[PDB]
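Please note: Cβ atoms are built from the backbone with ideal geometry, for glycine as well, and neighbour counts cover all protein chains shown. Every number in this text was worked out from the coordinates using simple rules, so none of it is lab data.
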Amino acid sequence: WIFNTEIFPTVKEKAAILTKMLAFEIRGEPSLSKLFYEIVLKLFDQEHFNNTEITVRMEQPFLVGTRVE
């Protein structure tokens, strides 16, 4: 979903569906959370001075991602 451009009309729906994936470490699933923080890290990889993300990826899962043991 995230890593391509299409007629999906806004990126806030991608943001709201990806921000829900912070329950993987709360419920106790390490592998799904590892994949999720890998794709958040890849979203921050292909950006130097860019907004290929939306700015809520810099807000919640980046900051929780600096804590993930």
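Determine the pairs where a residue that is closer than 16 Å to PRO61 by Cβ and free of Cβ contacts under 8 Å to residues at least 40 places away in the same chain, located within the stretch 8-34, has a partner that is among the hydroxyl-bearing types (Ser, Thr, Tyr) and surrounded by 10 or more Cβ atoms within 10 Å (Cβ to Cβ) with Cβ atoms under 7 Å apart, the partner being 6 or more residues away or on another chain.
Hits for this filter: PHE24/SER33.
Please enumerate the residues belonging to the stretch 37-68 that are more than 14 Å from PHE3 (Cβ to Cβ) and part of a helix (DSSP H, G or I). Give the derivation first.
First, the residues of the stretch 37-68 that are more than 14 Å from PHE3 (Cβ to Cβ): 37, 48-49, 51, 55-56, 58-68.
Hits for the stretch 37-68 are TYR37, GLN60, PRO61, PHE62, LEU63, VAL64, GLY65.
Looking at the stretch 20-30, is at least one residue within 11 Å of the chain's Cα centre (by Cα) and exposed (fewer than 15 other Cβ atoms within 10 Å of the Cβ)? It would help to see each step written out before you state the result.
Within the stretch 20-30, the first condition is being within 11 Å of the chain's Cα centre (by Cα), and the residues that meet it are 20-22.
Those still in the list that are exposed (fewer than 15 other Cβ atoms within 10 Å of the Cβ) too: 20.
There is at least one residue in the stretch 20-30 that is within 11 Å of the chain's Cα centre (by Cα) and exposed (fewer than 15 other Cβ atoms within 10 Å of the Cβ).
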